[PDB]
Structures are given as C-alpha cells and as structure tokens.
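Asker: so I pulled this structure from the PDB, and the sequence comes with it:
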Amino acid sequence: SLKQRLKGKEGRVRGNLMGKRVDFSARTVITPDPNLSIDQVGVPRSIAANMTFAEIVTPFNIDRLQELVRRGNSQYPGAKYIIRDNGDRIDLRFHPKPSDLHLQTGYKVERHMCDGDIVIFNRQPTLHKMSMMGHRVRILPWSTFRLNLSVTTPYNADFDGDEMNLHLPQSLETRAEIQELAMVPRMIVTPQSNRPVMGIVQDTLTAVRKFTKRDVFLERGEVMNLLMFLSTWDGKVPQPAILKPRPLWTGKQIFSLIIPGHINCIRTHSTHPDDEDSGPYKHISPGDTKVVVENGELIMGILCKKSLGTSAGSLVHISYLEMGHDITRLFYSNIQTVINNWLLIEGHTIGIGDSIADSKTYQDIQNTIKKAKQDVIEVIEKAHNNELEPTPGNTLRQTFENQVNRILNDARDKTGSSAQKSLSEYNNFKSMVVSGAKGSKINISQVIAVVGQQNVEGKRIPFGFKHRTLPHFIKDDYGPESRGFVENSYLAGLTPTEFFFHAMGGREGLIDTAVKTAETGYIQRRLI
Amino acid sequence: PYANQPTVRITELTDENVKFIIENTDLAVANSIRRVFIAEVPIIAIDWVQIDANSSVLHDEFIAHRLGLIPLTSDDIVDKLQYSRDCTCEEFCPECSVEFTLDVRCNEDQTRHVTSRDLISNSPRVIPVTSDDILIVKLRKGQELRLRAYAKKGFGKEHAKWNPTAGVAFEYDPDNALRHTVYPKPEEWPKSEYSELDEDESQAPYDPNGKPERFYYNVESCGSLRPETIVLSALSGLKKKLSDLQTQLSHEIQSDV
Amino acid sequence: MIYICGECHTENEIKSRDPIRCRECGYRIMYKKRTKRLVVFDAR
Amino acid sequence: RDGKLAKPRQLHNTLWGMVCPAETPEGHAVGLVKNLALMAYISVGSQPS
Amino acid sequence: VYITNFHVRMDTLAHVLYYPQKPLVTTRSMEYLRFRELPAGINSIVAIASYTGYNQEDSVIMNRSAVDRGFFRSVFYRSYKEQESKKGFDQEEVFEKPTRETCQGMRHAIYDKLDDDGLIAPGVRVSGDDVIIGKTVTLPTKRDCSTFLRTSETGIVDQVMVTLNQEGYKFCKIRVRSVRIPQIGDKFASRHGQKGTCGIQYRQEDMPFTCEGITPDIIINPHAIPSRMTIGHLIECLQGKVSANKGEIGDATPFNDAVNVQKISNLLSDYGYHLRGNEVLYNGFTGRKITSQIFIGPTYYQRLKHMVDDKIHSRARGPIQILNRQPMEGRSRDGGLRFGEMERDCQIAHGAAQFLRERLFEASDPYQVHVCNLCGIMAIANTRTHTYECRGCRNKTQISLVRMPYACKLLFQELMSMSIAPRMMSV
Amino acid sequence: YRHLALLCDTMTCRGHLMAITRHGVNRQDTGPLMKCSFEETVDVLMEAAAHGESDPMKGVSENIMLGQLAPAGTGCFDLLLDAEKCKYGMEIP
Amino acid sequence: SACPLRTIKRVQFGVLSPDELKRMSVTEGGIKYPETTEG
Amino acid sequence: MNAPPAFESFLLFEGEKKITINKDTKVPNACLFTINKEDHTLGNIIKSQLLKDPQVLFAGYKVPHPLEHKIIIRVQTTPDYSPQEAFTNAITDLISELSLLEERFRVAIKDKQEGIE
Amino acid sequence: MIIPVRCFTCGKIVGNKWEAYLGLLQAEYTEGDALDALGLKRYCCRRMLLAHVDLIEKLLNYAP
Ligand SMILES: [Mg+2]
Ligand SMILES: [Zn+2]
Ligand SMILES: [Zn+2]
Ligand SMILES: [Zn+2]
Ligand SMILES: [Zn+2]
C-alpha cells in the first residue's frame, strides 16, 4: 500500500531522505609513510585519473587549460569534459580532432585531480569530529592511500587491512570552507577535554627518549647529515659543546633547533624519584630529570610521553597555544624526520636475551610462591577445625575466600616486585616501558616472574564439575593451584591445567569487547 | 683533498668464488662496489617465450617462468650485444638476441624428465650451463611441449634473473676495535674467522682515533660469468657511470652563460 | 568447430545447432580445442 | 545469534575432552558454534532388549 | 594446495601456492590429519628488529630478491557459467559471434577474440572489459547479449568445457588463470595469531646481513611481543634453528615437558652462534655493525587470502539509477561509498555547512523544479518555447524555481497522491 | 564541564523528567516533519492534514530534507553586496 | 529557467477538496477503461 | 596496470635532464645539485669524497622518497672556492681511484697464472 | 610442486640437487650429512631442500 511504500528504515522517509549514496568517493587500504607532512595524503594514479574538478575558464588560466584539453584521458594530467555556456557537455573521448576546440571565457573544463587539491578523509565509524579531517593531495606510484603516523591517533587507525574513504569537494565555496574550518592542523587541541589529540607515537617516542640522554655525542658528519632534514633551519651551525680534544655536539643541542619560537615549559620524566625535591640537587638532578625548556632550548631533562604526548600542558600544547596552528605542523614533521634518520644509525630491537631472568631471581620467586601456598593451606585447615571468626557483614566463605584472596594478592605483588627488581640498562622491554611507547610494568613481571591468578565473573575459578574443577583433582580442594593460580611465566611455559584456566579468563575478556561496541554506538545515536 | 692508493690481495680462487682483501680505502667506496656485483653487471637471460602446444600439468605461465631463471653462459659475447631498446633493428635480430627452441614428446610409458639439455640454441657461444641438469617439467605418456624463446641482455635492477651472483659476503673490523657495534656480554659471541685475538679474549682495546680499513670480500657465482670477471666487469661498469655523469655536469655549467 | 571428447580425447567436428555427443564413445562432455592465434609471455 | 545472555556462551568445565576449548569464532557468534575434539565419538543408537 | 586433483575441478575462487613446505617444528598429532602431504606455508628466516620504521604497528618488511626466486608466489583460478535457454516459444538464445549490422544492442567492444562458436579458445590473454561468450537473442531481428569480464583481471583463459546440464540445455564453463606475486598490501600471518600486512620490500643489497651472508626474508617489530605475550613464537624459532643444523625435525607436542629454553640454548652454542639465538648483524646501507644483537631464526609463515588487488575501488561520476537517479554500481565493479548517519554528525560538529551540502545534494541526485508563487505547488514549464504556466491559479506571470534533491521530489509527489498539498512558499 | 552542564540542563528544561527515549522525544513543541522521520509518519501526518498544521522550517533536519542551507554555522546569516566600495575598486577586466 | 530560483520558508498541510481535484486534473472527464492499451 | 615498469628506475625520459643546479639564497657560497634517475650507489660515493676536501664546510645527500628516483646534494665552501669547482674536483678523484684499483687487481689475478706457491 | 631453481635468499642454484639428495638419503645418510655432501652450508639454502614437498609426482597419476 501507499503508507507501506514510505515505511521506516529503508522506506522513503528514513532510507533515502537524509542517508544516501554519493559519487566522487573512493576507498582502499592505508599504509604508513613517514615522509609526508601531517596535512597530506597519498593517492594512487588510478584514482586520481578518475575523479575530476570543474574549473571555470578565465583569462588568467586560458593557456594552461587549453593545453590540458589538448591531451585527454590518455596522458594523466588531462581533462575529460568541456562545459560551454549553453550547458553543452561535450566529451573529449569521442571528439574526432581536438585542436578545433578553442576554449573561451566562461567555459568550464573538467580537470583531472592533480597535486595540491583538498579532500575529506574519514574512517569506518565516525564518533567525534576528529574522525573526518581535511587533508591535501600528493600523488604516488602504487595503489594504497598513504598518510602520516601521528594522525592515526585521531582516526583510531592501524595498518592491518584497514580502509578509509575520501570525498572530493566539487565547488569552490565548499573548498574554501573545508580549508578554513576543518583542516587537520586546525584540530590539534580538542574542546572535549582541552588537550592535544596528536602526539609523538610508537616508534619515534622510544628513539626520542634515547636521543636526549645525557651521554649522546655526535661527530661532524652525522650532525651535518641530520641538519639536512630540518625544514625550518636558518642555515647556521651551532658551536659544539666540547671544542677540545675534538668537536662533538650533543643530543639536546640538536633538539634545541627543532623547538619553535621561544617557549617555556617545566615537566618531569616518568622515573623522577619523589624524594629529589626534598634534599639538595633540586636543580642538579643526578638522574637527569625535571625537563626544563627555557627561551626555546632544552637545558636539561629526558623527553618521554609525559612531555611530548597528548596530555595537558605538554610541549605540543604550549607550542599550539603560543605560536599558532601553522608552526606546530612543522614541529611534528621535523621531529619525526630527524629522529628516524638518527634511529637508522642507532637501531632498536627486542629478542629473548631481554626476556631471560637471572639465577637468583628464579630461586627467590620459587620461595615466595612456596610460602604463599603454605598460607593458603593454613587458612583452609583452620576453617575446617572451625577456628575462623567471620567479620561484620561477611559470611565464613567470604571471610574465608577473601582472606585467601588477600594472601594470594600479597604473594603476587611480592613476585612482581622481585621481577621488576632485576633488569639492566640495555634491556629492551624497559626501553619501551620507560619511554611510554608501548607496554606496562606488569607485562614485564608476567613474562619474567609469574602469570598470576585467573578468575571468571570476577571470582575464582568455579566448580564446573561436582565439587571439582577438573577430573585430575580430589574433591573440595581449595588450594591455590587447584583453582586458577598460574605460577609459571610465559617463557617457562604453562602446564595443561593452567593452559585451560588461562583460556577461560581470555574467553570472558574476549566476549565483553564484542558487546561493548554495539551498546555504546546505539546509546550515542539516541542521545545525539 | 685527493684520492687513495688501494691495494688488492687475493686469497683464494676457484671456478665459483673469489676471496680477496682491499686495504687502504674508504667505507663508502668499499660498499658501493658491493652493490654493483649484485645489481649492475650485465648478463644474458630469456625474456620472451611463445608456446605452441602445452599439454603438461603446469600451466603456460608456470613454464615461461621456470625458463627465465635458467643461467646461460654469458662469458665473452655480452660486450658485443646491444640493448634491444637501443639497437636500430626491428623487435629482434641476431645482433641483440639469441633464439632457443624446445620440443619434447613422451611416447613410452615410463615418465620423462624435461631437463635443460633440451634447450637448443643457434649461437654456440650462449648455452645453458652444461659442458647435472635443471629440471623443467615431467611428462606422462601422451603429453608434449614445444616453444620458442629469445634471450636478451640486462642487469639486476630490471629483474632478479639478471644478477650473476649468489650470496656476496662482506665484513670489516673483525674485532670491535672501533666499537661500531656494542655487545652487552662480549663473552657469549663466537670469534670471527678473520680475527687475530687470543683464545681467552673477547674484543680488542678501544682506540678512538680509528677508521675502517682492510675490507674482506667473498664473491660466489651462479655459473654465467667466471668469479674473477664479475669483479673486473663491476669496476669497469662503475667507472663508466661517473665518467658519463661528468659529461652532463660540465655540459650544464657551460650552458650557464 | 572442433571439439574434444572428455573420455576418449578423439576430436570430432560438431556442426552448429547439433546434439552434443562423442563418437565411438557416446559421451556428453566436450572441451573446445585450444586456439591457433599466438600470444607471447615474459620470463619476468 | 544476538542474545546477550552469557550463560549459553561461556565455557563449561564439562566440555573437557569433548569440545575444543580454544577454537571458536569472534563477532556475534562467540561460543555458539563449536568444534569437537580429536578422539570424541558420537554414539549411533541401539535397542535395549 | 587444497586437494590433489585440482586440475579437474572447475571450482570458483581456488587459490594454489607454488612451493609449499612442511614445518620444521611439528606437533605429533599432525601425522593423522595429513599436514605433511598437503601443507600450507613456507619456512622463512625471521628477524625481530626495528630497521627503518616501515614495520611499525603490525607490519613486516620482506626481502625483494627472495620474492623473485619464488617466495610465496601463487596462482588464482576462477570459473564462469553460461547456459543457453529457451524462455519462450520465440525468445530463444544461442551461442554465436555477434555481427555489427545484424545485431543491435552490442556496446563498442571488440568481438575478434570470439570464435565461430561464440567462445574463446584457451590460451589467449583476456584482459579487463573483454567479451568471452557471445550469446544472441532473437527479437520478436536479433538482439544480442553477451558476458564481459569484471574490471582489472588480466587473466589467461585456461580451458573451456561444453556439455549438457540437468534439464538438457547446452551450457559451458570457462576457467581463467592469473598469477599473484606478493606486493606491499598483502596479508601475512604466523602460527600464533600475529597477522600483518607488508610495508616495503628491500633488495638483498640492503637488508642487514650476518657475518656469513644470511639475510632475513621477513623483519617484524619487537613491539608485537610484550603486549600479547606469545612466547610460543619465540621458542619455535629457537627450536627451528637447531633442527636445520642437526638435520632432524623438532617436536612441539604441547605439554611434553621435554624442552626448556635453557636446554635448546646449550645445543646452539656448540654449532658456533651466540647462545640465545642472538647474532651480530651488520647494517646494509653503511656496512657498520649494529650496537645491539638481533634475535634471528627460521619460522613457519602462511599467506592469508586477503590480497590488495581485490579491495581497491574508486568512483568519479559513474552510472546512476533510473527511478531515483541515485548513484548505482556499473560494469567496472565500482559504485559509491555510503555517507552514513554518524558521518553526517562529525561534519555538523565541525561547522562545515558547504561540505555537508555538497556531499548530500550536489554529489548525489541534484535536481531542479519549478514552483508557483501564490500557491506552493509545482508548475508546468516547457522551456523550449519559454512558457511557464501555473494550473489551478491561472498564473503565468510570477512562477519560480526551487533547487532540491530528487529523492525529496518524489516524496512530495507521493504526498499529493494522498490528499496532502505541501506548499513551498518562498516567503 | 560545559558538556555535562548543557546535557543535564537540556534534559530537565520543560519542568519534568523526560527521558531521552522513544516517547520522551515524542513529546515537545516540534514540527510535523520531524515526527515523520520517526516510525509514525502517516498517522501523525494525517492528524496534521486534518488539523491544518504549519511548519516554519527553523530546524536543521527540517532544512536538509528539502536541500537548503541549514541555519547552522555558515548559515546563520546572509551577505549583501554594497555599491559604494566597488567604486574605488580597481579593474583588470 | 527565466522564473527566479528562490527559497522555501513555510510548509502548510491540509486536505484538498474535490473541487481543485477536478479542476487541476489532467485527463478531463476521467479515466474510464480498465484496459491500458488496445493496439 | 597500476604498477610502474621496471625500466623507469634508471632509464631517462625525453624531456628530463640528469643534473640541475640551483643556488641556495639563505647562505653564501651554497649550491644544491639534483641528480635524476639515481640512488644511494652514486649519492654516497660523492659525499664521502667532498668531506676529504679541507675547503668544504658542508656536504650531504638525501633520497626524498624511496618510491621515486631522484637524489639531492648540498655543498658549501669557503669564500675563495666554488661549489661547482669542489663538485667536479671530487669526481675526477674517484675516477683516478677506480682506474688505479683495476690495474692493481688485474695484476693480482695474473700473479697466479700457474700459482705463486 | 617442483623444486625451485634458485634459493629465495642467496640466489644459489638449487634446482639441480633434488635427485642427488634423494639418492643420498636412499643409502644410509642422515639429512644433516646429505646436505653437507652437496655443499649447502648456509641455513637459508638448507631450508630449501629440507622442507620441500614434491607434489608433481602425484599430478602425473591422472591420465592426460
Ligand atoms: Mg585494524
Ligand atoms: Zn634485433
Ligand atoms: Zn568419446
Ligand atoms: Zn499557483
Ligand atoms: Zn641461499
């Protein structure tokens, strides 16, 4: 029926009035490119030779446009239509002789998409307004979209078979609006939490931390090679920090050339001992902490996520507040290029020598676990002989199992502290954890010391059989190993019964994420 | 402000590898000639196949690919052959090509191996390396194969079928006298083949005013060129690149007025 | 044109608008014979 | 295939040795389709006479 | 390789690897499911290091001059069906070579590859937008149909089969062969849940080498390990290095309890390398040593099915529908991307009012209508003679125009068909 | 803070607690062409055609359903050309 | 085309009378035959 | 076909010119050479030679994109010297080094026609 | 399906060593010793023969 012809979703009121399907829109995979500015994107030549842009003919661009119309649909930088004043849309593919075509003021050529154009780029789910920023075209050989890395944080992207769309503004008013409203250097700080969204990222952060240590000296050739990559260099070579016995520059001395203008900032490094501001050496800092950027040059301190990432009061935040939106772009690009071209001299890796513990540590960890098991046995036996006293508002099982859980937590904390206690300065796990690039301080202990204690539904492993967890135990066993305590490390490998409990914990942790996406998407749609 | 006087010294010489040592030179020059043994030494190989009848198990583009990777004797007549894009002939001529021919038919019941002994050429200077036999395909009673191929000239930047060498070893400073690499525990590392340390030492003592010299090479060969003409044709090829670039340069700063 | 039986591999010219069967074998699956215009490949 | 009730999706201990504990698809069909272990054997039926 | 008689089966979408290999570290329960007679993968030499930044965030660098020797090369088959049919007493189809002056509905494509039958002989090189089967329908003269390829195939016709299907109609099947060399979009995965695309390909003269000239085939990022803790990946490349030097094939039966990291370490030292798989690598560009020691060894990788040749598409002023005049898919596989509801809100928060209009109206079904001034109803306009007449009000003087989308027009027309007059007053 | 304040202010503006739900949005002084975009087009629009409801087009979703400049930013105003400044303006063409 | 392209400012609803229904219809007298085409 | 042919990496087109000079305007006595259809094999061999000149203040090179074929070289010399001078003096010193090493090599291989031992 | 003609990493010619490899394993040799009697000393060229599955011998069972 007629009222049936205009139903809800996919009717005529909710499926073709506000949500529809547009043209001049492409789609393909994305891959990294550290040699692009944060406001550029890389487009293949098969997409660029397909989408067009109508350009009005004026006596300022008559010769260039008739040259473009000489070559059509065969050479790449060409054109494929001429729209004269009458509305006549002629096609260059079928016209017998092109030379007769004489462009005239008022005509309108349909150009091929060339370098310097402006596009709009978004990712699959659009959550906040940073998930659709205006980029700038730059055309490259192969067939994937190429974009910088510091911009992957707003889009929430990663390069394992992802895809993104682009739309090409056709008019000139829309081009101007996109240019002065939504270009990516204009959306560095967000109004949601008044802090930057783009910071230095995965691989450049680990290297920036090592490049600004107290002892990094560069020769002459390497300093020249690094200065070759600065886009805002005035042309002068600074005087080395060590003139004799031979000239050597320092890491901070080269980094002081990247920092724009004359800004001021004071932060701390993630290993600042809290008892340093108390005694002397408050302004000396034996460990080289308390970053100090005075008058636009690094005087002291190591750089990390607390001082270059996306937090309030960072270096990028201050550079945006004081200098503007067109200098922070150069800041990002220069940091990335210089640090990558030094990293291919310094190198970085991870192996199993970084995952190997020491003899003493292995021994000590075993002892703490043996004592932890002894305590759990005491509590259980004490409860059977009915020597436990429940606490206010606690059942005996509660009181029982929560005391056992507290003992297990204390044992796990001691094992973790022991695992943390033994690392070296050359370790490559500590190098990604300290700089804040990737990882946490518990993965170190899980790889080296103890995996810990599993639990489903927020509680210990339940009795899935009748009064048992598996047919390899005796009934009503309440020990630590019989209800989920994995006492090995990922390196030393797990035993079968522990491999099963680990699978259980992982499974519940895997289901929750599957639910969360749909729930949050729907509620946000309603509210908006 | 001038060049150096490098000195060569050969250690081994076989029909498939050369070991030598280049003293008193710079690292950038000792590496730029390590990339020329691989990429820019010309050689002959098949680059045009046309199949008349293929009733074997492998499809047509499988056999056209196992043919190009067969190495042909390119010893002496690579200098007389033009590049087929430079030669003033048509698509092909005996001045910039060599024509091959294969034609095999299996009639007995026992299976048949189609080796490289079947590639029959017209020029007796370029033949596959047979003077065992590379296998191309096996045939069953009632199957056959016949084709025609031409063999052009190129180097290893086009395609990896035109490079003349297997693995090319290279190394310098066998003991960390310069500390170019930093060992965390210098005791677990095996001692190099070229080292001169004692049996109970790990590294030489650090010396700051040092510089890398005395590079060690080891160039093997796949079978096309002798292992000592791979080197002579590389140095004579790199020299002719700079010598041609100096022409274009002086032609630029002369036309500056 | 010319067709090849699917069992005995005996070529037999089948005329336009004619039933599809072999001869000497009585079979109903035919494969068309390979063309005679030549195409060239690259060893690359 | 979309019900949010977890108890028909979580891993039961009784699945020991008869259904593979690790192999299952992600998405909306988590824990709904399952593969059986290597030596698991399903009965065919008989009469009780 | 999925089955041994893959030559006979004309399946659709069959992938086949050139050189499969069986693992060097095997579980004992793989002899019973035939994984050493139909394997899927190749043992590659993997190094875990950060080299130039092109393998960050789940990517891999791979050796270019190993791809040129057959590494992970494969093929790709595909089949097409066509069936001649007598749908009516007069409407009848037939395989034949359509000629230009007799048949009428043909495009501007070449029809020279077809034979007299109407099918392509096997062996030719069929490219995108070529016709392969010529099928003409008789008109109550002759109105031809045909089947064209998809876009960007560049295949080679493998073999053509002709026979009779179930209800006895003649029908044919055609298989197209195409070779796929690994490139920098393809997806590779290990045996422990580490998928990742390919970032860039370096030649052998640029990869880092050991002190005897062993360059790795694949380089992966060290940051992939510490967050997801897959240490089983770090032992099979240590166990694998003992199996290639001794000549056995290793054993990885789960809880065997027969192998320790410490035990394997002792054996490697005897052969002559750093005890913990670590080795001293030289830089490939400058020949200098690398200060750290890199963990290197052989592992077993697989090549997943998602290739990049299949996921790239673009649209720029393509074919549109007929009823609603909305962009439609065409013969080139390539339609438009949907501009959903959540994308309509990021643009509103941005404050971009022009770009929001272009994407929804000027890019999708633009349209113009004429509207009367006193009443708000559409009017009749014959612009050939320049007569703008409003019926119902006898207005000819003050007519107007309103540029609006097309999908909103026929919404108004289906409201007028239910006794509702939506009036678009311009003031 | 501004976001929390604005949300919890527009949520309790009409005096009583109206949930952001199906029948919480169903009730306000809104036009007819917005309640037709939500699952009860025909009946409420028949009510409107019977009672003779107007529609001022001040909304944003109202104004993009007909393809016009929504009165959001960049549409909150309109420009006029003045004939005076053009006088002392140069002219190449 | 000569008529000015203007805007919309208000949409008024209402039921339309049979009077204008007959006055503005295009097929005078009315559609009578249930068969669409004859030859 | 969305992949370039292999010969585009070394074969010059018709309109292109292999080398191009531009003067840097930020500092005196600086120049910027742009060699076309080239890579690290030739780029690095030049830079190491310029640094051996005691009258050169700066020298470096970069490949601006690994997927295009073009390098850039920057030189700066003392006020009594010319960048175009220092550049061509570097090349003639490489050629004088390679041709010398070829003679010393061809002697070493014929030093064991029958064998020294 | 058939032994590659060149190792993927080095470039050394392998395609002529498959029949000799089967001939050495035929008598009494271990895989570790047969590979040394052929001159394969890098572990990238030993992976070539050690992990090769020969599928061409099973496609010759179907009559042409
Ligand atoms: Mg992803
Ligand atoms: Zn010729
Ligand atoms: Zn027959
Ligand atoms: Zn009117
Ligand atoms: Zn090898």
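Answerer: Noted; the coordinates are in hand. Residues are numbered from 1 along each chain as shown, chains lettered A, B, ... in the order given. Ligands and ions are numbered 1, 2, ... in the order given.

Asker: burial of residue A:252, as a residue count?
Answerer: 21 (other CB atoms under 10 Å in any protein chain shown). From N, CA and C alone the C-beta is placed, and that goes for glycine too.

Asker: in chain F, what residue lies closest to chain C?
Answerer: Nearest to chain C, among the residues of chain F, is residue F:67, at 53.3 Å (CB to the nearest CB).

Asker: which ones are touching that residue?
Answerer: Each residue near residue F:67 by CB atoms under 8 Å, 6 or more residues apart in numbering or on different chains is listed here: E:357, E:360, E:361, E:403, E:404, E:405, E:408.

Asker: could you list everything the fourth one pairs with in the sheet?
Answerer: When you say that, I think you mean residue E:403. Residue E:403 forms beta bridges with residue E:368, as assigned by DSSP bridges.

Asker: mind checking how far stretch B:130-140 is from the chain centre?
Answerer: From the chain centre to the centre of stretch B:130-140 is a distance of 23 Å (CA atoms, centre = their mean, to the nearest Å).

Asker: spell out whether it and chain I are in contact.
Answerer: Yes - with CB under 8 Å from any CB of the partner chain as the criterion, chain I is reached by stretch B:130-140 at B:132, B:133, B:134, B:135, B:137, B:138, B:140.

Asker: of those residues, closest to residue A:298?
Answerer: Residue A:298 has its nearest neighbour among these in residue B:134, at 62.1 Å by CB to CB.

Asker: hmm, the closest one is touching residue B:70, no?
Answerer: Yes - shown here, residue B:134 and residue B:70 form a contact pair, counting by CB atoms under 8 Å, at 5.9 Å.

Asker: quick check: neighbours shared by the two?
Answerer: Common neighbours of residue B:134 and residue B:70, using CB under 8 Å, 6+ apart, are B:116, B:128, I:5.

Asker: dump those to JSON lines, plus neighbour count and distance to residue E:9.
Answerer: What follows is the shared contacts of residue B:134 and residue B:70, written out as JSON lines (neighbours: other CB atoms under 10 Å in any protein chain shown; distance: CB to CB, whole Å):
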{"residue": "B:116", "neighbour count": "23", "distance to residue E:9": "32"}
{"residue": "B:128", "neighbour count": "20", "distance to residue E:9": "36"}
{"residue": "I:5", "neighbour count": "23", "distance to residue E:9": "29"}
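
Asker: ok, residue 51 - contacts?
Answerer: All of this is about chain A. For residue A:51, the contacting residues are A:24, A:26, A:113, A:168, E:314, E:316, E:317, by CB under 8 Å, 6+ apart.

Asker: other chain: chain I
Answerer: E:21, E:22, E:23, E:24, E:42, E:43 are the contacts of residue I:51 under CB under 8 Å, 6+ apart.

Asker: so what's the residue count around residue E:397?
Answerer: Neighbourhood size, residue E:397 [other CB under 10 Å]: 9.

Asker: not counting sequence-adjacent ones, nearest residue to the closest residue to chain H within chain C?
Answerer: Nearest to chain H in chain C, going by CB to the nearest CB, is residue C:44, at a distance of 7.6 Å. Closest residue in space to residue C:44, ignoring its immediate chain neighbours: residue B:159 at 4.9 Å, by CB to CB, 6 or more residues apart in numbering or on different chains.

Asker: what segments of chain C are helices?
Answerer: Assigned by DSSP state H, chain C shows no helices.

Asker: how close does the residue of chain F most remote from its centre get to chain G?
Answerer: Most distant residue from the mean C-alpha position of chain F: residue F:92, 43.3 Å away (CA atoms, centre = their mean). Residue F:92 sits 30 Å away from chain G, taking CB to the nearest CB, to the nearest Å as the criterion.

Asker: can you check residue A:139 too?
Answerer: As defined by CB to the nearest CB, residue A:139 lies at a distance of 37 Å from chain G.

Asker: what values do phi and psi take at that residue?
Answerer: phi -100, psi 130 (degrees, to the nearest 10).

Asker: which residues touch the closest residue to chain F within chain D?
Answerer: Among all residues of chain D, residue D:4 sits closest to chain F, at 19.4 Å; criterion: CB to the nearest CB. Each residue near residue D:4 by CB under 8 Å, 6+ apart is listed here: residue A:515.

Asker: which ones among the contacts of residue A:51 are found in helices?
Answerer: Going by DSSP H, the helices hold none of the contacts of residue A:51.

Asker: for the residues you listed, which one is nearest ligand 3?
Answerer: The closest of the contacts of residue A:51 to ligand 3 turns out to be residue E:314 (CB to the ion; 49.1 Å).

Asker: pull the number of nearby residues for the closest one.
Answerer: Per other CB under 10 Å, the neighbour tally for residue E:314 reads 23.

Asker: am I right that residue A:371 falls within a helix?
Answerer: Yes - assessed with DSSP: H, G, I helix; E, B strand; the rest coil, residue A:371 lies in a helix.

Asker: residues in contact with it?
Answerer: residue A:411.

Asker: so which residues on chain I come close to ligand 5?
Answerer: Contact residues (CB under 5 Å from the ion) of chain I with ligand 5: I:7, I:9, I:10, I:12, I:44, I:45.

Asker: wait, which of these is closest to residue A:156?
Answerer: Using CB to CB, those come closest to residue A:156 at residue I:9, 37.5 Å.

Asker: once you drop chain neighbours, what's closest to that closest one?
Answerer: Among residues not flanking residue I:9 along the chain, residue I:44 sits closest, at 4.3 Å (CB to CB, 6+ apart).

Asker: ok, and the closest non-adjacent residue to residue A:226?
Answerer: Closest to residue A:226 by CB to CB, 6+ apart is residue A:338, at 5.8 Å.

Asker: what distance do you get for that neighbour to residue H:85?
Answerer: 31 Å (CB to CB, to the nearest Å).

Asker: try residue E:134
Answerer: As judged by CB to CB, residue E:134 and residue H:85 stand 71 Å apart.

Asker: neighbour count: those two, which is higher?
Answerer: Ranked by neighbour count (other CB under 10 Å), residue E:134 and residue H:85 place residue E:134 first, with 27 against 13.

Asker: what about the helices in chain F?
Answerer: So, for chain F - with DSSP H - the helices run F:2-10, F:22-25, F:32-35, F:41-51, F:61-64.

Asker: and chain B, by the same measure?
Answerer: Applying DSSP H to chain B gives helices spanning B:27-32, B:60-68, B:229-250.

Asker: chain I now?
Answerer: Counting by DSSP H, the helices of chain I are I:18-27, I:31-34, I:43-50.

Asker: pick the most deeply packed of those helices.
Answerer: Of all those, helix I:43-50 has the most neighbours on average by mean count of other CB atoms under 10 Å in any protein chain shown, namely a mean of 23.

Asker: which residues sit against that one?
Answerer: Counting by CB under 8 Å, 6+ apart, E:21, E:24, E:43, E:45, E:214-215, E:241, E:244-245, E:247, E:298, I:3-4, I:7-10, I:12, I:14, I:17-18, I:21, I:31, I:35, I:40 sit against helix I:43-50.

Asker: same check, this time on stretch A:490-504
Answerer: Stretch A:490-504 is contacted from outside by A:352, A:355-357, A:446-448, A:451, A:454, A:456, A:461, A:470, A:472, A:481, A:484, A:486-488, D:11, D:16, D:21-22, E:229, E:231-232, E:234, E:254-255, E:260-261, using CB under 8 Å, 6+ apart.

Asker: buried members of those into ChimeraX, please.
Answerer: The buried residues among the contacts of stretch A:490-504 can be selected in ChimeraX (16 or more other CB atoms under 10 Å in any protein chain shown) with this line:
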select /A:352,355,357,446,447,448,451,454,456,461,481,484,486,487 /D:11,16,21 /E:231,232,234,261
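
Asker: give me the nearest residue to the residue of chain F found nearest chain G, chain neighbours excluded.
Answerer: Closest to chain G within chain F is residue F:55: 4.2 Å, counting by CB to the nearest CB. Of all residues not flanking residue F:55 in the chain, residue G:11 sits nearest, at 4.2 Å (CB to CB, 6+ apart).
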